[PDB]
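Novice: Protein chains in written order, with the entry's author numbering: chain A, 2 to 477; chain E, 3 to 477; chain a, 601 to 667; chain b, 601 to 667. This structure is in C-alpha cells; I'll ask about it shortly.
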Amino acid sequence: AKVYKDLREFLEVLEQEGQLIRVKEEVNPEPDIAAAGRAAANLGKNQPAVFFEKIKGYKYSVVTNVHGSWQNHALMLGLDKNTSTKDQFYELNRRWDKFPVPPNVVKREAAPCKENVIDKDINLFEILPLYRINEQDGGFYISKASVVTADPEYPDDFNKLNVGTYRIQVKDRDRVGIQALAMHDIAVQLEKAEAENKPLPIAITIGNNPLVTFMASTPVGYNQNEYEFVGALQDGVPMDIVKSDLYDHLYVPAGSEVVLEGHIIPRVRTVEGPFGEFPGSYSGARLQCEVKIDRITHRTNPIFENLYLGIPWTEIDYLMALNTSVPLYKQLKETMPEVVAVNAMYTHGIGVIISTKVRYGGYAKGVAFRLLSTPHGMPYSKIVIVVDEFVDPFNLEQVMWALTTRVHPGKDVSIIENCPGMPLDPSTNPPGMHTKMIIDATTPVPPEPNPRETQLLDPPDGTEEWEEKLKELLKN
Amino acid sequence: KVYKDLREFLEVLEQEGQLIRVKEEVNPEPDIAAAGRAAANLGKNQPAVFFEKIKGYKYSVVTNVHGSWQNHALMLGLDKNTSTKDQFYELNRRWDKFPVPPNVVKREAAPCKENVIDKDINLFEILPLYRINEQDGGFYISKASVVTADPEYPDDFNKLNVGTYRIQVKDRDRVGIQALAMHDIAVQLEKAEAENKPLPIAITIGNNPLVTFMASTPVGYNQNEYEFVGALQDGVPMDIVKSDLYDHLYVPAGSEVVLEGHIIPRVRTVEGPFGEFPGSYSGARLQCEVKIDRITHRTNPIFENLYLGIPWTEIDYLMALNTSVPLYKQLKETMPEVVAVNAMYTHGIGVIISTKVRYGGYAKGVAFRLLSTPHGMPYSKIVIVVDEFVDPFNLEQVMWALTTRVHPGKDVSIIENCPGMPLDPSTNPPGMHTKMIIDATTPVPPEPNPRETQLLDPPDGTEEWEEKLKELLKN
Amino acid sequence: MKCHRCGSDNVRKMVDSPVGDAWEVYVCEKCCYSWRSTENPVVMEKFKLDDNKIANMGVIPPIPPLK
Amino acid sequence: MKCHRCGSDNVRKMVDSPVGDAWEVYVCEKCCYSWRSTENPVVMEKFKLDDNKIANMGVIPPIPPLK
Ligand SMILES: [Cl-]
Ligand SMILES: [Cl-]
Ligand SMILES: [Mg+2]
Ligand SMILES: [Mg+2]
Ligand code: NA
Ligand code: NA
Ligand code: NA
Ligand code: NA
Ligand code: NA
Ligand code: NA
Ligand SMILES: [Zn+2]
Ligand SMILES: [Zn+2]
C-alpha cells in the first residue's frame, strides 16, 4: 500500500489514475475556484481533484476536491482506485488496531516545510492564494487545515498533543480567526490557557499527506495522538514529523506545504463568519477566537490544499464519511462486542445507524447510550437508529425495512430533552443544544415480552441451486 | 402495447428476454417456491420463470411475472428499461383518465368460458397447487383477483370491487380467503353476514397484468377497478363478461381460470399460517371459508402464482407503485402543495411525502390526510414529510432532511391507539399500532425559527464549470 | 468608502495583489468583513450587522473565569 | 394635535362629515389609527404603540420570496 510523505506524492498518484485534472489557464479566484469545487463534487462518481495552475493575483497554485470521491478516498489508503466502500471500511478496521506507531522525528534540515522562513513583515497573501468559498462568507477561509495544539498543563505529554481540523477566517495580513467549538479537543486546551490569561501556542498546517488530513477530522480520544494513528493507517510505516521553530512541544508534519506558527490571543473574541457549512446552509456569525501568525515556514512553490463545502456531499462529506464511522465503531466495540457495524456518514454523524446483536432485552437502547456518551456522538448525534445484527446499516433500504417492521413507537422510540448538541445543526432551537431521539429497530429479545411472531423466513430448500440454474438458463 | 390476456403479456416478456422456460419436469413442493425466491434474488432484470411440467399435474405454472422493474415497465407498454420515476409519471398521467367504461362481451367471445366444470369439483385437476413457504398451513393462491359486489346495491357497478386476497386451499372444492377488516371485501361481507346470507364471489387467476395491478391498488370503495384498467391502457377499454352463476358479477374475458362461488356466512375456520411480505410468518387465525360452485377456464390454463417472503420478492415490486400513486392522487385532490409520495417500502407501512409547506405546521396536516386515507389509515405507521425539493424516493436525501430539519422536541409526534394492520409483526395490540409522524420540513411562519435554514445557492459558474471539467476529463 | 455589511466608514486596505495591480482587499475593522476590490459584494439583509447585533452575538467558546 | 395611540404629530384630517359640520375624522399615518372628532378616544396602555413595537410587530400573511 503505497504510503505518501507529502501532498505532492499523492497528487502525482491521483493524476496517474486519472483522478486529477489541471486548469492550465489563468482564472481569477473569486467565483471560479469555488464553482469548480462544486462542479467537481456535482459530477456524481469518480470525481477528480482539480489543480489550478494560475490565479489572477497570486504567485502559487491551489488544489480543491482532493478527497472528494471514493476513488480518491481509496487511493488515499493505497488501495485500488475502484475498491468498494465496505472494502475500505474493513481495511480501516484492520489497520486501526495497530494504533501506537510512534512517529519518526527528523532533523530540521531534512524537513521540506522548513525550506523557507518568514519572520519579518508577515503576509499570508504572499504565499497562499486566498479566495472566497461561498458568496455570503464573512471572508476568505482556509477549510482543509490540520491544526496542532498542545496541552498547557502537560506540555511534555505527547499523547495530549492533538491535531484537528477547524475553519479559519483570514482577517488581516498576519491574523486569522479559528472556530474553537466547545466540544472539540482544542477548546479543552484553550480553557486551561484562558483560565490563566496565557496564550495558547498553535501550528496551522496546510497541504499534507491525505492521511494526516484524514486523522485531523477523526474524533479520537483526547489522550490519543493523531500522528500515531497515521502510522497505523500506513500499515505500520511511521510518519515523519519535525519540531516547530518557535514552540517546542509542537510537532508538525515534515512534508507540509505551509506551516503557520502562532498563538491564540487569550480571552478575546471577534466577529467570525458567516460561513457556508456542511448542512448546506450558512452558519451565522459568532464571536470566536483570533490567532496571531508569528512565523511562516513553507516549501518552495507551495500548494494550497483547500476544499469547497456546501449542499451536502461536497468534498467534506466524503472526507467525514468513514473517519467518523470507524472510531465510533471501535469506541462502541470496546465496551460492547455485540456491535457489528456503525454508519455515521450522514451530515457528519448527526444521524447514526448502528448494527448490533441484542445480548438481552433492551440492549439496543444501551448501545445507543454508549453512542451518545462518546466524544463525537454525545454532542453530534441527534438521531440514533439501532438495527439487528443481520441488517446492513449502510443499506438504507434495509434500514427502512427494520423501521417499518421492528419499531413499535409506543416503546421503541425514545425522546430525551436538553442533551448536548452541535450548533452547526440548524434544527437545534436552543442552539448548540438538541433533543435526542433513539429508535430501537431490533427484534425483541427476552426478557422483553413479545406476543407476536417476528423470526425471518428461511428460504425454500433449493433456492441456492435454483439461483445458478436460473443464471444458466438466461445465458441463451 | 395493450394486452387482453396473460398470454399476450408472457409473449412480450419472452421477446424481451424477461421470461425463461423450465422445460424439465420438476417437483411442486420445494422447487416452484425456490425458483420464485431465486428469481427475485437475481437483483436486477429479474425474469418470469415458466414451468412446463409439474410432477403430478397436467398444466403449467408461472411465477415472478411482476417481479422486476423491467417486467413492470413492459406491463405499462413502455420500454423494458424505462426508469422508476418515468413509470411513476406515466401512471400519474393515465390515472386522470379515470372513468373508462369496460366493454361487455358475449359469453361465446370470452376465452375463460371455453371449459366449464359443473360435476364433482376438483381444483387440483386444473391448478398445479403447491406450497409457497415451509411452514405455510397449506397450498396457497397468492396472485388472484377476487370479484365481489355490494349486497345492498348489487346493481351499482361502482360498488363492484376487485382486489387481491390470499387463498388457502382446504379441500377439492373449498378454500379460505383472508377478508381483512380494513379492505373493501370486509364491508360487503359484513352486510351479507348481518343477514346470514352468503356473499357471491368470483376468483380469477392468470389475468392481464394491469388487472392484477389494479386489484392490489387501494382505490376508493365507489370506484370500479375495471374502469381504471381502461385508463392505464391509455383509454383502451378492457373486456369483461358476466359470470355464469351470478349476475352483477363480471370477470375479465381473458382470465385463465375463474372460480365462481360464495363465502359461507358467519363461519370461520383455521386459516394459515402463511409467510407474508414483512418476511415473517403470519400466525394462524379463524378466517372465512369459500365454497366453489363452478369453474370456467381456458383450455391449457396457466397458473399465475407468486412467491413472497423476505422483502423485495415479486409482491414488493407489484405493490411498489400501485400503492404510491393513489396515495399521491388522494392527497393531491385536497392539498395541491404535495409533490410526490413514496410508499414502496413494506406495502406502505412506511410512507415518505414530499410537499410544499403552505403555512406553519402544514406538514403535520399532510400526514393527517395520509392517515385518514383508505390505505394509510390502517397501514401507514411511520410518516416522514420532507420539503418540496427533496426526492422522497432518494433515501440519501431523506436522511439529510432528517438530520438537518427534525427537532424531536416538536417535529416528532407519537399518537396512541390508532387503526392498525395485523400483518405488521410490531403491533403489540395486534391490528392496532401507535403512529409516528416526522416533520422533516423547514419551518414556515407562523412557526418561529431563530436559526438560518435556507440552502446555499451554488457558486456562479458551476453550470459552465461542470462542462469544462467533463471536457478536460476527456483526455 | 463604506463597509457593505455594517455601513461603517472605518474601513482600510488590507493587502495588495502580490503580482501586479490585479486587485486589492479591504477590511471593515468594526465587524471584520473583508472583500476583494474585484468582487462587488451585496450582503443579504439577513447577514447585515449593526452595533446592536454585534453586542448580543454570543461567544464560542465561553471565556472561563480567571482564578 | 397628536395621535392618541403613538403620540406622533404626523396626523392629518382624513374626511369631513358628508352632511353639515357634524364632525371630522383624523388619521395617524404613523400607525394608521383613525378617530372621529366627536368621540374623545382614550387608548388603553395595553394598545399604545411606539416606533419599537411597530418595528417587531409580525405580518399577516407572510411575504413570499420574489423568484
Ligand atoms: Cl444562526
Ligand atoms: Cl402472531
Ligand atoms: Mg483528537
Ligand atoms: Mg377496491
Ligand atoms: Na482529530
Ligand atoms: Na490527543
Ligand atoms: Na424493537
Ligand atoms: Na369498486
Ligand atoms: Na383494489
Ligand atoms: Na421541522
Ligand atoms: Zn463592517
Ligand atoms: Zn399613531
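All C-beta atoms, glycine included, are put in the ideal place defined by N, C-alpha and C.
Residue 10 of chain E to residue 4 of chain E, Cα distance in whole Å?
Specialist: 9 Å
Novice: For residue 624 of chain a, name the three-state secondary structure that DSSP assigns.
Specialist: strand
Novice: How about residue 217 of chain A and residue 227 of chain A: are their beta carbons less than 8 Å apart?
Specialist: yes
Novice: Inspect the beta-carbon positions of residue 268 of chain A and residue 195 of chain A and report whether they are closer than 8 Å.
Specialist: yes
Novice: List the residues of chain A whose Cβ lies closer than 9 Å to the Cβ of residue 240 of chain E, in chain order.
Specialist: What residue 240 of chain E touches in chain A: nothing, since even the nearest Cβ is about 32 Å away.
Novice: Entirely within the region 408–454 of chain E and at least 4 residues each: give me those alpha helix (DSSP H) ranges in chain order.
Specialist: none
Novice: In its own chain, which residues sit with a C-beta less than 6 Å from the C-beta of residue 59 of chain A, not counting the 5 before and 5 after it?
Specialist: 130
Novice: For residue 447 of chain E, go through chain b and note every residue whose CB falls closer than 7 Å to its CB, in chain order.
Specialist: 662
Novice: Out of A:207, A:66, A:82 and A:184, point me to the one whose CA is closest to residue 374 of chain A's CA.
Specialist: A:184
Novice: Ligand 6 and residue 161 of chain A: does the residue's C-beta get closer than 7 Å to at least one heavy atom of that ligand?
Specialist: yes
Novice: Please state the DSSP three-state secondary structure of residue 215 of chain A.
Specialist: helix
Novice: Answer with yes or no whether the minimum CB distance from residue 144 of chain E to chain A is below 8 Å.
Specialist: For residue 144 of chain E, no Cβ of chain A is located within less than 8 Å of the residue's own Cβ.
Novice: What in chain E is Cβ-close to residue 312 of chain A, meaning under 8 Å?
Specialist: 457, 458 and 460
Novice: Tell me the DSSP secondary structure of residue 231 of chain E in three-state form.
Specialist: helix
Novice: Note down the Cα distance separating residue 244 of chain A from residue 658 of chain a, rounded to an integer number of angstroms.
Specialist: 36 Å
Novice: Closest by CA to residue 339 of chain A, which one among A:320, A:287, A:253 and A:361?
Specialist: A:361
Novice: Applying a beta-carbon distance threshold of less than 7 Å, which residues of chain A neighbour residue 622 of chain a?
Specialist: 57 and 58
Novice: Can you pull the chain A residues whose beta carbon is under 7 Å from the beta carbon of residue 401 of chain E, in chain order?
Specialist: 347, 352 and 397
Novice: So, is the C-beta of residue 631 of chain a closer than 8 Å to a C-beta in chain A?
Specialist: yes
Novice: Could you tell me whether the region 328–339 of chain E touches the region 297–309 of chain E, where touching means 3 or more Cβ pairs closer than 8 Å?
Specialist: no
Novice: If you measure from the CB of residue 140 of chain E, is any heavy atom of ligand 4 nearer than 7 Å?
Specialist: Outside the cutoff, so no.
Novice: Can you name the residues of chain a whose CB is closer than 8 Å to the CB of residue 195 of chain A?
Specialist: 663 and 664
Novice: Using 8 Å as the limit for Cβ to Cβ distance, is residue 73 of chain E near chain A?
Specialist: no
Novice: At a cut-off of 7 Å, is residue 285 of chain A close to ligand 1 when judged by its beta-carbon and the heavy atoms of the ligand?
Specialist: True, at least one ligand heavy atom lies under 7 Å from that Cβ.
Novice: Taking 7 Å as the cut-off, is the beta-carbon of residue 219 of chain E closer than that to any non-hydrogen atom of ligand 9?
Specialist: yes
Novice: List, in chain order, every chain A residue whose beta-carbon is nearer than 9 Å to that of residue 617 of chain a.
Specialist: 57, 58, 59 and 126
Novice: Within this structure, are the beta carbons of residue 324 of chain E and residue 215 of chain E separated by less than 8 Å?
Specialist: A contact, by the Cβ cut-off of 8 Å.
Novice: I'd like the ranges of any beta strand (DSSP E) spanning at least 3 consecutive residues and lying wholly in the region 173–223 of chain E.
Specialist: 176–179 and 201–207
Novice: If you draw a straight line from the C-alpha of residue 463 of chain E to the C-alpha of residue 28 of chain A, how long is it?
Specialist: A direct Cα-to-Cα measurement between residue 463 of chain E and residue 28 of chain A gives close to 12 Å.
Novice: Could you tell me whether any Cβ in chain E is nearer than 8 Å to the Cβ of residue 280 of chain A?
Specialist: So yes, residue 280 of chain A belongs to the interface.
Novice: Who does residue 613 of chain b pair with in a DSSP beta bridge?
Specialist: b:626
Novice: Give me the DSSP bridge partner(s) of residue 290 of chain A.
Specialist: Note: residue 290 of chain A sits in a beta bridge opposite A:179.
Novice: Pull up the distance between the alpha-carbon of residue 312 of chain E and that of residue 471 of chain A, whole angstroms please.
Specialist: Rounded to whole angstroms, the separation of the alpha carbons of residue 471 of chain A and residue 312 of chain E is 19 Å.
Novice: Given that residue 188 of chain A touches chain a, what residues does it touch there, using C-beta distances under 7 Å?
Specialist: 661
Novice: Roughly how many angstroms separate the alpha carbons of residue 481 of chain A and residue 619 of chain a, rounded to a whole number?
Specialist: One cannot answer for residue 481 of chain A here, as it falls past the ends of chain A, which runs 2 to 477.
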